[PDB]
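To keep things clear, I will list the structure first and then write my remarks on it.
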Amino acid sequence: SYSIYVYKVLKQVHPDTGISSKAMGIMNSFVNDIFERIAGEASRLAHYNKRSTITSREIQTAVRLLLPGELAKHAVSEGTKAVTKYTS
Amino acid sequence: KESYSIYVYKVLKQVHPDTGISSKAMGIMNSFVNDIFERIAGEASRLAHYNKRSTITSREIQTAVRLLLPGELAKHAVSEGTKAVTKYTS
Amino acid sequence: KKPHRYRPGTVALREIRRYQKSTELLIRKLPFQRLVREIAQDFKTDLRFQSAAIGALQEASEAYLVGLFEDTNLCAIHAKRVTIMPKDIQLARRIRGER
Amino acid sequence: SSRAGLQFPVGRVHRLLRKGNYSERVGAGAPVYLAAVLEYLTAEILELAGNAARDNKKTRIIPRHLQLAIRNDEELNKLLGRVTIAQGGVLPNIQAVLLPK
Amino acid sequence: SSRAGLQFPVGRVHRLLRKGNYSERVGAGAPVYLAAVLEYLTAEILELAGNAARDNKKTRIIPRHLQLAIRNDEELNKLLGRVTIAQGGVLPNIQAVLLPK
Amino acid sequence: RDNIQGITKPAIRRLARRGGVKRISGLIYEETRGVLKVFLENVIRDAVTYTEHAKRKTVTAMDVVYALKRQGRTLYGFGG
DNA sequence: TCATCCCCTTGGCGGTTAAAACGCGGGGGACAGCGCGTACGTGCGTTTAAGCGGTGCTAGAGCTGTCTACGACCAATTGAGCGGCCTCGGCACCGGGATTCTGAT
DNA sequence: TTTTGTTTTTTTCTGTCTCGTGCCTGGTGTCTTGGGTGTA
DNA sequence: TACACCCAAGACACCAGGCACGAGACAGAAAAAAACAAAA
């Protein structure tokens with residue numbers, strides 16, 4: 001599950017703040033739902049373009065279509081930064 | 001560009017030998033068939049992924065039809081699917 | 001001396017604030033569990049249920065009922081009324097797409 | 001198609017289910033079941049549309065006929081609740097409060 | 001995860017995307033992008049929840065804090081419109097017509 | 001038998017107070033119970049379908065989550 | 001090795017626990033009516049940008065060849081999460097002190 | 001008591017409907033082998 | 001979880017009506033008069 005990762009993210013954004021088990025389960029369910037939504041949108045975008053490979057462009061388009069406005073812009077910027085850091 | 005216009009016309013001639021269909025109605029029927037196909041396929045894929053199964057059989061399609069179609073429509077579709085499966089297996 | 005008596009409207013808003021500040025389950029556990037088991041018995045006999053599933057069902061039902069009550073209060077206020085009526089619930093369920 | 005007694009294609013449905021990114025393997029009865037369900041739905045919709053066209057004195061099916069056939073049926077309207085039919089219009093329903101007297 | 005500077009797992013996301021039956025091939029940038037987006041969303045939600053908890057003199061994030069963080073944010077409420085949070089409650093909103101005149 | 005009466009008047013009153021309802025009528029409780037029964041039946045039908053598709057006799061929380069997601073009521077905190 | 005009493009332990013008939021439907025005091029306003037109020041319904045006159053039909057200009061995806069490198073699949077290597085074990089404390093519940101809208105004067 | 005919506009009855013061209021018909025593309029037999037169930 | 005088993009995926013070889021291109025025609029909107037119940 002995404003328990004240790006959510007805990008590390010919380011410690012990064014709030015060094016003096018805990019999280020209960022129900023909140024951890026809610027965060028894991030939210031992460032899984034976002035994962036499923038973005039994966040389905042990327043698969044649909046790849047099937048609409050006669051493509052059999054999902055790249056970073058499909059995920060960026062899925063994020064721009066799902067997330068609204070500033071959230072989508074910030075997520076796209078973070079994903080582009082992560083991709084440029086991983087490819088280098 | 002593939003389409004189910006021929007099969008829709010055949011079904012119409014089967015249910016109404018003296019009745020035509022316009023182009024917009026044909027496109028609407030094609031869109032309806034595509035939407036039903038996509039919905040049932042997605043439901044079957046979800047049912048297969050929930051059970052850790054990599055194969056989609058007639059049971060998954062029957063469950064998808066029972067979950068999507070409501071009541072009498074679902075019952076009639078399940079009966080027709082079972083009859084078609086029995087006729088194809090024999 | 002006449003004992004204290006609150007006018008119609010004070011304790012109502014007090015309970016509104018109390019139940020909007022707290023997030024506890026307002027529906028009892030045993031009657032809701034019995035109702036869920038009775039409803040599931042009509043579809044398939046001899047069915048077992050886990051605690052997490054019943055809790056999720058209760059939470060979803062409570063959230064849906066809270067949303068429906070919000071829509072009903074909005075419809076009642078829109079009609080220049082304070083008390084909620086079944087017509088407001090019907091209008092809310094018709095606009096939401098349930099009916 | 002000919003073995004299952006259905007006019008809809010079985011091989012095309014199987015190919016679309018294989019290349020549709022749904023599962024790693026597709027069974028032999030799943031495309032037949034899906035084609036049978038699609039054929040039943042299409043037959044019901046086309047019969048209702050033909051009845052509506054005969055009630056409108058026309059030997060063709062127009063989007064208005066499809067709309068009048070789908071919106072009139074309860075289960076068909078519940079299945080296609082979030083579906084917008086182009087050039088189909090709405091049902092001629094007028095509230096009793098707006099009527100005179 | 002270490003090469004991209006992210007806390008979310010990259011190999012796990014890649015394996016999930018490969019086993020989820022979404023496409024025939026999966027690139028190397030798509031899992032990194034998805035993990036980065038998930039990490040940013042989780043960070044925003046956790047920061048808002050921590051702010052809501054500090055506003056209530058609490059050191060542990062409870063579902064009520066998550067509900068107050070999601071409902072107060074406009075973008076988070078638009079993204080999670082049809083999402084129900086268990087044990088989260090609602091916002092303390094009272095209409096003006098119900099107040100004593 | 002007749003378990004729909006379990007949702008008594010105080011439960012409906014509390015659920016209305018949570019939604020911001022100040023005054024409640026008399027015919028509200030019956031309609032609320034009916035709508036709750038309809039929603040519970042609509043969810044439990046899909047839950048039982050999902051459970052029977054898995055050849056199981058115990059309705060788990062995952063089946064309820066899937067039935068609520070396939071309808072339009074995404075619920076969190078019940079996937080563990 | 002293949003018949004009575006009688007002490008009392010297993011069956012079914014009697015007791016407290018946490019809130020609301022009658023029973024009553026009762027009143028704020030929905031319903032129906034009085035009465036004031038003004039924006040445009042419908043018809044006319046007048047003006048115009050969409051409709052239909054051409055008429056002339058211009059680019060970019062559909063489709064066809066060419067070249068390519070990260071994607072898939074194979075043998076070694078390896079590292080911290082899960083399960084489990086051990087430590088530690090935040091606040092729900094208790095009870096009292098301090099604070100506070102609300103009705104009656 | 002008189003003016004105005006609603007329903008019935010002629011043709012007449014009018015957008016469309018099935019027939020006539022050629023190319024080929026997807027509509028059928030036959031060998032192999034084997035992996036997804038059938039039943040336990 | 002185990003042993004068995006049998007029609008499909010693949011591939012070779014052979015074969016038949018759809019579908020769009022025209023055409024004679026086919027039920028119907030319109031053009032227009034004339035006529036009955038209900039509304040104002």
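In the structure tokens, each chain is lettered A, B, ... as it comes, each chain's residues begin at 1, and ligands are numbered from 1 in order of appearance.
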Would you kindly return, as number ranges by chain, each protein, DNA or RNA residue with an atom no farther than 12 Å from any atom of region 10-15 of chain I, considering only C-alpha atoms (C1' of nucleotides) and excluding same-chain residues fewer than 2 positions away?
H: 24-33; I: 8, 17
Go ahead and dump the residues you just picked, N, CA and C atoms (P, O5', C5', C4', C3', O3' and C1' of nucleotides), as a PDB file, in the first residue's frame.
```
ATOM      1  P    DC H  24     -11.212  -6.359 -58.032  1.00  0.00           P
ATOM      2  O5'  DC H  24     -11.611  -6.623 -56.508  1.00  0.00           O
ATOM      3  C5'  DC H  24     -12.052  -5.542 -55.687  1.00  0.00           C
ATOM      4  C4'  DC H  24     -12.546  -6.045 -54.340  1.00  0.00           C
ATOM      5  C3'  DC H  24     -11.627  -7.044 -53.646  1.00  0.00           C
ATOM      6  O3'  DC H  24     -11.718  -6.880 -52.239  1.00  0.00           O
ATOM      7  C1'  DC H  24     -13.703  -8.062 -54.046  1.00  0.00           C
ATOM      8  P    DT H  25     -10.680  -5.932 -51.459  1.00  0.00           P
ATOM      9  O5'  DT H  25     -11.320  -5.798 -50.000  1.00  0.00           O
ATOM     10  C5'  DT H  25     -12.684  -5.416 -49.854  1.00  0.00           C
ATOM     11  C4'  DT H  25     -13.429  -6.389 -48.954  1.00  0.00           C
ATOM     12  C3'  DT H  25     -12.580  -7.051 -47.872  1.00  0.00           C
ATOM     13  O3'  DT H  25     -13.349  -7.204 -46.692  1.00  0.00           O
ATOM     14  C1'  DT H  25     -13.522  -8.713 -49.251  1.00  0.00           C
ATOM     15  P    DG H  26     -12.662  -7.072 -45.246  1.00  0.00           P
ATOM     16  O5'  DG H  26     -13.669  -7.851 -44.278  1.00  0.00           O
ATOM     17  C5'  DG H  26     -15.075  -7.677 -44.430  1.00  0.00           C
ATOM     18  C4'  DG H  26     -15.714  -8.919 -45.028  1.00  0.00           C
ATOM     19  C3'  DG H  26     -15.861 -10.095 -44.063  1.00  0.00           C
ATOM     20  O3'  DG H  26     -17.116 -10.737 -44.256  1.00  0.00           O
ATOM     21  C1'  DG H  26     -14.576 -10.757 -45.935  1.00  0.00           C
ATOM     22  P    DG H  27     -17.845 -11.463 -43.023  1.00  0.00           P
ATOM     23  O5'  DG H  27     -18.368 -12.844 -43.638  1.00  0.00           O
ATOM     24  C5'  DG H  27     -19.477 -12.855 -44.529  1.00  0.00           C
ATOM     25  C4'  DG H  27     -19.638 -14.217 -45.184  1.00  0.00           C
ATOM     26  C3'  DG H  27     -19.509 -15.413 -44.244  1.00  0.00           C
ATOM     27  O3'  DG H  27     -20.441 -16.422 -44.615  1.00  0.00           O
ATOM     28  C1'  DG H  27     -17.883 -15.574 -45.944  1.00  0.00           C
ATOM     29  P    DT H  28     -20.567 -17.768 -43.748  1.00  0.00           P
ATOM     30  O5'  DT H  28     -19.506 -18.759 -44.420  1.00  0.00           O
ATOM     31  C5'  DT H  28     -19.202 -20.004 -43.804  1.00  0.00           C
ATOM     32  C4'  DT H  28     -18.732 -21.012 -44.835  1.00  0.00           C
ATOM     33  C3'  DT H  28     -18.170 -22.308 -44.262  1.00  0.00           C
ATOM     34  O3'  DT H  28     -18.454 -23.384 -45.146  1.00  0.00           O
ATOM     35  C1'  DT H  28     -16.487 -21.212 -45.480  1.00  0.00           C
ATOM     36  P    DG H  29     -18.574 -24.885 -44.587  1.00  0.00           P
ATOM     37  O5'  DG H  29     -17.223 -25.584 -45.083  1.00  0.00           O
ATOM     38  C5'  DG H  29     -16.863 -26.865 -44.588  1.00  0.00           C
ATOM     39  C4'  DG H  29     -15.782 -27.490 -45.450  1.00  0.00           C
ATOM     40  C3'  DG H  29     -14.830 -28.420 -44.709  1.00  0.00           C
ATOM     41  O3'  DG H  29     -14.373 -29.448 -45.578  1.00  0.00           O
ATOM     42  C1'  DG H  29     -13.632 -26.549 -45.515  1.00  0.00           C
ATOM     43  P    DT H  30     -13.925 -30.868 -44.976  1.00  0.00           P
ATOM     44  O5'  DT H  30     -12.374 -30.672 -44.637  1.00  0.00           O
ATOM     45  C5'  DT H  30     -11.419 -30.605 -45.691  1.00  0.00           C
ATOM     46  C4'  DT H  30     -10.031 -30.310 -45.149  1.00  0.00           C
ATOM     47  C3'  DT H  30      -9.695 -30.989 -43.812  1.00  0.00           C
ATOM     48  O3'  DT H  30      -8.424 -31.630 -43.891  1.00  0.00           O
ATOM     49  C1'  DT H  30      -9.206 -28.691 -43.712  1.00  0.00           C
ATOM     50  P    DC H  31      -7.951 -32.632 -42.725  1.00  0.00           P
ATOM     51  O5'  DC H  31      -6.538 -32.047 -42.251  1.00  0.00           O
ATOM     52  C5'  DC H  31      -5.373 -32.258 -43.047  1.00  0.00           C
ATOM     53  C4'  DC H  31      -4.116 -31.776 -42.334  1.00  0.00           C
ATOM     54  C3'  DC H  31      -3.908 -32.322 -40.925  1.00  0.00           C
ATOM     55  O3'  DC H  31      -2.517 -32.506 -40.682  1.00  0.00           O
ATOM     56  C1'  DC H  31      -4.148 -29.961 -40.834  1.00  0.00           C
ATOM     57  P    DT H  32      -2.015 -33.258 -39.352  1.00  0.00           P
ATOM     58  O5'  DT H  32      -0.891 -32.282 -38.768  1.00  0.00           O
ATOM     59  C5'  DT H  32      -1.093 -30.875 -38.803  1.00  0.00           C
ATOM     60  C4'  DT H  32      -0.321 -30.186 -37.694  1.00  0.00           C
ATOM     61  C3'  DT H  32      -0.358 -30.901 -36.355  1.00  0.00           C
ATOM     62  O3'  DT H  32       0.757 -30.509 -35.563  1.00  0.00           O
ATOM     63  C1'  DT H  32      -1.624 -28.924 -36.210  1.00  0.00           C
ATOM     64  P    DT H  33       1.070 -31.263 -34.177  1.00  0.00           P
ATOM     65  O5'  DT H  33       2.171 -30.338 -33.471  1.00  0.00           O
ATOM     66  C5'  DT H  33       2.006 -28.919 -33.437  1.00  0.00           C
ATOM     67  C4'  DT H  33       1.187 -28.488 -32.229  1.00  0.00           C
ATOM     68  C3'  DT H  33       1.075 -29.528 -31.116  1.00  0.00           C
ATOM     69  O3'  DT H  33       1.993 -29.216 -30.046  1.00  0.00           O
ATOM     70  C1'  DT H  33      -1.010 -28.366 -31.530  1.00  0.00           C
TER      71       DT H  33
ATOM     72  P    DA I   8     -14.466 -23.480 -31.647  1.00  0.00           P
ATOM     73  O5'  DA I   8     -13.206 -22.499 -31.529  1.00  0.00           O
ATOM     74  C5'  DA I   8     -13.052 -21.660 -30.384  1.00  0.00           C
ATOM     75  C4'  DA I   8     -11.644 -21.081 -30.306  1.00  0.00           C
ATOM     76  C3'  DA I   8     -11.207 -20.254 -31.508  1.00  0.00           C
ATOM     77  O3'  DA I   8     -10.285 -19.248 -31.096  1.00  0.00           O
ATOM     78  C1'  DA I   8      -9.861 -22.195 -31.361  1.00  0.00           C
ATOM     79  P    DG I  17     -24.879 -15.357 -52.829  1.00  0.00           P
ATOM     80  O5'  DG I  17     -25.243 -13.921 -52.222  1.00  0.00           O
ATOM     81  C5'  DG I  17     -25.363 -13.748 -50.810  1.00  0.00           C
ATOM     82  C4'  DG I  17     -24.786 -12.410 -50.363  1.00  0.00           C
ATOM     83  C3'  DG I  17     -25.545 -11.173 -50.823  1.00  0.00           C
ATOM     84  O3'  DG I  17     -25.299 -10.111 -49.909  1.00  0.00           O
ATOM     85  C1'  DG I  17     -23.434 -11.192 -51.846  1.00  0.00           C
TER      86       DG I  17
END
```
Please build the interface table for chain G against chain C with a cut-off of 12 Å, listing for each qualifying residue the nearest atom pair and the distance in Å to one decimal; count only C-alpha atoms (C1' of nucleotides), order rows by chain and increasing number, and write it as a Markdown table.
```
| residue | atom | partner | partner_atom | distance |
| --- | --- | --- | --- | --- |
| G:25 | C1' | C:5 | CA | 11.0 |
| G:26 | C1' | C:7 | CA | 10.7 |
| G:27 | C1' | C:8 | CA | 9.2 |
| G:28 | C1' | C:8 | CA | 9.1 |
| G:29 | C1' | C:81 | CA | 9.4 |
| G:30 | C1' | C:81 | CA | 8.4 |
| G:101 | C1' | C:10 | CA | 9.6 |
| G:102 | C1' | C:6 | CA | 7.7 |
| G:103 | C1' | C:6 | CA | 7.7 |
| G:104 | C1' | C:2 | CA | 9.5 |
```
I need the contact residues of chain C against chain D, so if you could list those with any atom within 12 Å, counting only C-alpha atoms, and return them as a ChimeraX atom specification, that would help.
/C:96-99
Generate the output file for the selected residues, N, CA, C and O atoms, as a PDB file, in the first residue's frame.
```pdb
ATOM      1  N   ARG C  96     -31.864  15.733  -9.386  1.00  0.00           N
ATOM      2  CA  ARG C  96     -30.609  14.997  -9.286  1.00  0.00           C
ATOM      3  C   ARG C  96     -30.512  13.866 -10.303  1.00  0.00           C
ATOM      4  O   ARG C  96     -29.403  13.413 -10.603  1.00  0.00           O
ATOM      5  N   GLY C  97     -31.640  13.403 -10.837  1.00  0.00           N
ATOM      6  CA  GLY C  97     -31.650  12.344 -11.823  1.00  0.00           C
ATOM      7  C   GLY C  97     -32.046  10.981 -11.302  1.00  0.00           C
ATOM      8  O   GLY C  97     -32.002  10.010 -12.069  1.00  0.00           O
ATOM      9  N   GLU C  98     -32.432  10.873 -10.031  1.00  0.00           N
ATOM     10  CA  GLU C  98     -32.824   9.581  -9.479  1.00  0.00           C
ATOM     11  C   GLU C  98     -34.215   9.162  -9.935  1.00  0.00           C
ATOM     12  O   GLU C  98     -34.493   7.962 -10.037  1.00  0.00           O
ATOM     13  N   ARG C  99     -35.093  10.121 -10.210  1.00  0.00           N
ATOM     14  CA  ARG C  99     -36.446   9.815 -10.659  1.00  0.00           C
ATOM     15  C   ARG C  99     -36.781  10.569 -11.941  1.00  0.00           C
ATOM     16  O   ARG C  99     -37.452  11.602 -11.908  1.00  0.00           O
TER      17      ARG C  99
END
```
Within 9 Å of residue 87 (chain B) using only C-alpha atoms (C1' of nucleotides), minus same-chain residues under 2 positions, as a PyMOL selection string:
(chain B and resi 82-85+89-90) or (chain D and resi 3-5)
To test your reading of the structure, identify every residue in chain B that backbone DSSP assigns to helix (DSSP H, G or I), and report it as a count of residues only.
68
Give me the residues near residue 33 (chain I) as an MDAnalysis selection string, where near means some atom within 12 Å (using only C-alpha atoms (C1' of nucleotides)) and where sequence neighbours in that chain fewer than 4 positions away do not count.
chainID H and resid 8:10
Please find the residues of chain B near chain E - the criterion being any atom within 10 Å, counting only C-alpha atoms - and write them as a PDB file with C-alpha atoms, in the first residue's frame.
```pdb
ATOM      1  CA  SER B  45     -12.519  -5.922 -17.404  1.00  0.00           C
ATOM      2  CA  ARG B  46     -13.194  -4.518 -13.930  1.00  0.00           C
ATOM      3  CA  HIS B  49      -9.353  -7.455 -12.435  1.00  0.00           C
ATOM      4  CA  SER B  54      -6.797 -12.477 -16.891  1.00  0.00           C
TER       5      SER B  54
END
```
Give me the residues within 8 Å of region 54-58 of chain F as a list in words, counting only C-alpha atoms (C1' of nucleotides) and dropping any in the same chain fewer than 5 places off.
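Returned residues: residues 51 of chain B; 46, 47, 48, 49 and 50 of chain C.
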Closest pair table for chain B residues within 9 Å of chain F, only C-alpha atoms, as JSON lines:
```
{"residue": "B:43", "atom": "CA", "partner": "F:70", "partner_atom": "CA", "distance": 8.8}
{"residue": "B:47", "atom": "CA", "partner": "F:53", "partner_atom": "CA", "distance": 7.9}
{"residue": "B:50", "atom": "CA", "partner": "F:54", "partner_atom": "CA", "distance": 8.6}
{"residue": "B:51", "atom": "CA", "partner": "F:54", "partner_atom": "CA", "distance": 6.6}
{"residue": "B:59", "atom": "CA", "partner": "F:53", "partner_atom": "CA", "distance": 8.0}
{"residue": "B:60", "atom": "CA", "partner": "F:53", "partner_atom": "CA", "distance": 7.8}
{"residue": "B:63", "atom": "CA", "partner": "F:53", "partner_atom": "CA", "distance": 6.9}
{"residue": "B:66", "atom": "CA", "partner": "F:49", "partner_atom": "CA", "distance": 8.0}
{"residue": "B:67", "atom": "CA", "partner": "F:46", "partner_atom": "CA", "distance": 6.4}
```
Restrict the calculation to only C-alpha atoms (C1' of nucleotides), then for each residue of chain F with any atom at most 12 Å from an atom of chain G give the closest atom pair and their distance in Å to one decimal, rows by chain and rising residue number, as CSV.
```
residue,atom,partner,partner_atom,distance
F:8,CA,G:20,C1',9.9
F:9,CA,G:20,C1',9.0
F:10,CA,G:20,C1',8.4
F:11,CA,G:20,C1',11.6
```
Could you save those same residues with C-alpha atoms as a compact mmCIF listing (two decimals), in the first residue's frame?
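Now in part22.txt:
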```
# COMPACT_ATOMS: atom_id res chain seq x y z
CA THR F 8 -36.64 5.89 13.90
CA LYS F 9 -37.77 9.51 14.04
CA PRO F 10 -34.77 10.76 16.10
CA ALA F 11 -32.32 9.29 13.57
```
Neighbour list for residue 85 (chain D) as a PDB file with N, CA, C and O atoms, in the first residue's frame, cut-off 12 Å, only C-alpha atoms (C1' of nucleotides), skip fewer than 4 positions in-chain:
```pdb
ATOM      1  N   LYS B  24     -28.777   9.874 -40.065  1.00  0.00           N
ATOM      2  CA  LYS B  24     -28.603  10.333 -38.691  1.00  0.00           C
ATOM      3  C   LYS B  24     -29.060   9.275 -37.695  1.00  0.00           C
ATOM      4  O   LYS B  24     -28.414   9.065 -36.662  1.00  0.00           O
ATOM      5  N   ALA B  25     -30.169   8.592 -37.992  1.00  0.00           N
ATOM      6  CA  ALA B  25     -30.612   7.499 -37.133  1.00  0.00           C
ATOM      7  C   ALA B  25     -29.608   6.355 -37.141  1.00  0.00           C
ATOM      8  O   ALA B  25     -29.371   5.718 -36.107  1.00  0.00           O
ATOM      9  N   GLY B  27     -26.343   6.691 -37.580  1.00  0.00           N
ATOM     10  CA  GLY B  27     -25.237   7.130 -36.746  1.00  0.00           C
ATOM     11  C   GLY B  27     -25.565   7.075 -35.266  1.00  0.00           C
ATOM     12  O   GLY B  27     -24.713   6.728 -34.444  1.00  0.00           O
ATOM     13  N   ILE B  28     -26.808   7.406 -34.906  1.00  0.00           N
ATOM     14  CA  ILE B  28     -27.223   7.326 -33.509  1.00  0.00           C
ATOM     15  C   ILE B  28     -27.212   5.877 -33.031  1.00  0.00           C
ATOM     16  O   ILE B  28     -26.764   5.581 -31.915  1.00  0.00           O
ATOM     17  N   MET B  29     -27.694   4.953 -33.866  1.00  0.00           N
ATOM     18  CA  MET B  29     -27.660   3.539 -33.503  1.00  0.00           C
ATOM     19  C   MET B  29     -26.226   3.038 -33.379  1.00  0.00           C
ATOM     20  O   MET B  29     -25.912   2.245 -32.483  1.00  0.00           O
ATOM     21  N   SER B  31     -23.607   4.870 -32.516  1.00  0.00           N
ATOM     22  CA  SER B  31     -23.078   5.421 -31.273  1.00  0.00           C
ATOM     23  C   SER B  31     -23.625   4.674 -30.063  1.00  0.00           C
ATOM     24  O   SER B  31     -22.896   4.430 -29.094  1.00  0.00           O
ATOM     25  N   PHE B  32     -24.905   4.296 -30.102  1.00  0.00           N
ATOM     26  CA  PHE B  32     -25.487   3.531 -29.004  1.00  0.00           C
ATOM     27  C   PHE B  32     -24.822   2.166 -28.872  1.00  0.00           C
ATOM     28  O   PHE B  32     -24.505   1.724 -27.760  1.00  0.00           O
TER      29      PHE B  32
ATOM     30  N   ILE D  62     -36.243   8.147 -38.211  1.00  0.00           N
ATOM     31  CA  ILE D  62     -35.585   9.438 -38.027  1.00  0.00           C
ATOM     32  C   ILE D  62     -35.163   9.558 -36.566  1.00  0.00           C
ATOM     33  O   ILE D  62     -35.668   8.803 -35.720  1.00  0.00           O
ATOM     34  N   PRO D  63     -34.238  10.460 -36.224  1.00  0.00           N
ATOM     35  CA  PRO D  63     -33.868  10.619 -34.806  1.00  0.00           C
ATOM     36  C   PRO D  63     -35.041  10.956 -33.903  1.00  0.00           C
ATOM     37  O   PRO D  63     -35.021  10.594 -32.719  1.00  0.00           O
ATOM     38  N   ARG D  64     -36.064  11.639 -34.423  1.00  0.00           N
ATOM     39  CA  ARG D  64     -37.251  11.912 -33.621  1.00  0.00           C
ATOM     40  C   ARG D  64     -37.960  10.619 -33.237  1.00  0.00           C
ATOM     41  O   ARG D  64     -38.437  10.475 -32.106  1.00  0.00           O
ATOM     42  N   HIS D  65     -38.032   9.662 -34.167  1.00  0.00           N
ATOM     43  CA  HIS D  65     -38.637   8.372 -33.853  1.00  0.00           C
ATOM     44  C   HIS D  65     -37.838   7.636 -32.785  1.00  0.00           C
ATOM     45  O   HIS D  65     -38.415   7.052 -31.859  1.00  0.00           O
ATOM     46  N   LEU D  66     -36.507   7.660 -32.891  1.00  0.00           N
ATOM     47  CA  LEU D  66     -35.673   7.009 -31.886  1.00  0.00           C
ATOM     48  C   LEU D  66     -35.850   7.656 -30.518  1.00  0.00           C
ATOM     49  O   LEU D  66     -35.916   6.960 -29.497  1.00  0.00           O
ATOM     50  N   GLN D  67     -35.939   8.988 -30.476  1.00  0.00           N
ATOM     51  CA  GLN D  67     -36.142   9.673 -29.205  1.00  0.00           C
ATOM     52  C   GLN D  67     -37.506   9.342 -28.609  1.00  0.00           C
ATOM     53  O   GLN D  67     -37.615   9.071 -27.407  1.00  0.00           O
ATOM     54  N   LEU D  68     -38.557   9.354 -29.434  1.00  0.00           N
ATOM     55  CA  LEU D  68     -39.891   9.030 -28.941  1.00  0.00           C
ATOM     56  C   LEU D  68     -39.992   7.574 -28.505  1.00  0.00           C
ATOM     57  O   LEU D  68     -40.814   7.242 -27.644  1.00  0.00           O
ATOM     58  N   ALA D  69     -39.173   6.695 -29.085  1.00  0.00           N
ATOM     59  CA  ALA D  69     -39.199   5.290 -28.699  1.00  0.00           C
ATOM     60  C   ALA D  69     -38.378   5.021 -27.445  1.00  0.00           C
ATOM     61  O   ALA D  69     -38.732   4.135 -26.658  1.00  0.00           O
ATOM     62  N   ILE D  70     -37.290   5.764 -27.241  1.00  0.00           N
ATOM     63  CA  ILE D  70     -36.441   5.528 -26.078  1.00  0.00           C
ATOM     64  C   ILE D  70     -37.003   6.222 -24.843  1.00  0.00           C
ATOM     65  O   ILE D  70     -37.057   5.632 -23.758  1.00  0.00           O
ATOM     66  N   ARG D  71     -37.435   7.480 -24.983  1.00  0.00           N
ATOM     67  CA  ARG D  71     -37.915   8.226 -23.825  1.00  0.00           C
ATOM     68  C   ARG D  71     -39.244   7.688 -23.309  1.00  0.00           C
ATOM     69  O   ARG D  71     -39.563   7.863 -22.127  1.00  0.00           O
ATOM     70  N   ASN D  77     -35.173   4.388 -21.035  1.00  0.00           N
ATOM     71  CA  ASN D  77     -34.797   5.725 -20.593  1.00  0.00           C
ATOM     72  C   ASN D  77     -33.868   5.673 -19.387  1.00  0.00           C
ATOM     73  O   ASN D  77     -32.989   6.531 -19.246  1.00  0.00           O
ATOM     74  N   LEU D  80     -30.408   4.811 -20.861  1.00  0.00           N
ATOM     75  CA  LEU D  80     -29.829   5.952 -21.559  1.00  0.00           C
ATOM     76  C   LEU D  80     -30.256   7.260 -20.905  1.00  0.00           C
ATOM     77  O   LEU D  80     -30.736   8.173 -21.584  1.00  0.00           O
ATOM     78  N   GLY D  81     -30.087   7.357 -19.585  1.00  0.00           N
ATOM     79  CA  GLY D  81     -30.461   8.580 -18.893  1.00  0.00           C
ATOM     80  C   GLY D  81     -29.514   9.727 -19.189  1.00  0.00           C
ATOM     81  O   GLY D  81     -29.944  10.850 -19.466  1.00  0.00           O
ATOM     82  N   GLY D  89     -35.058  15.869 -30.058  1.00  0.00           N
ATOM     83  CA  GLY D  89     -36.011  16.674 -29.322  1.00  0.00           C
ATOM     84  C   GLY D  89     -36.312  16.098 -27.949  1.00  0.00           C
ATOM     85  O   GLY D  89     -35.539  15.325 -27.373  1.00  0.00           O
ATOM     86  N   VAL D  90     -37.469  16.492 -27.420  1.00  0.00           N
ATOM     87  CA  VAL D  90     -37.941  16.051 -26.118  1.00  0.00           C
ATOM     88  C   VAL D  90     -39.380  15.566 -26.260  1.00  0.00           C
ATOM     89  O   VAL D  90     -39.990  15.667 -27.324  1.00  0.00           O
TER      90      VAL D  90
END
```
Pick from B:56, B:69, B:77, B:11 nearest to residue 29 (chain D), counting only C-alpha atoms:
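The answer is B:56, which sits nearest to residue 29 (chain D).
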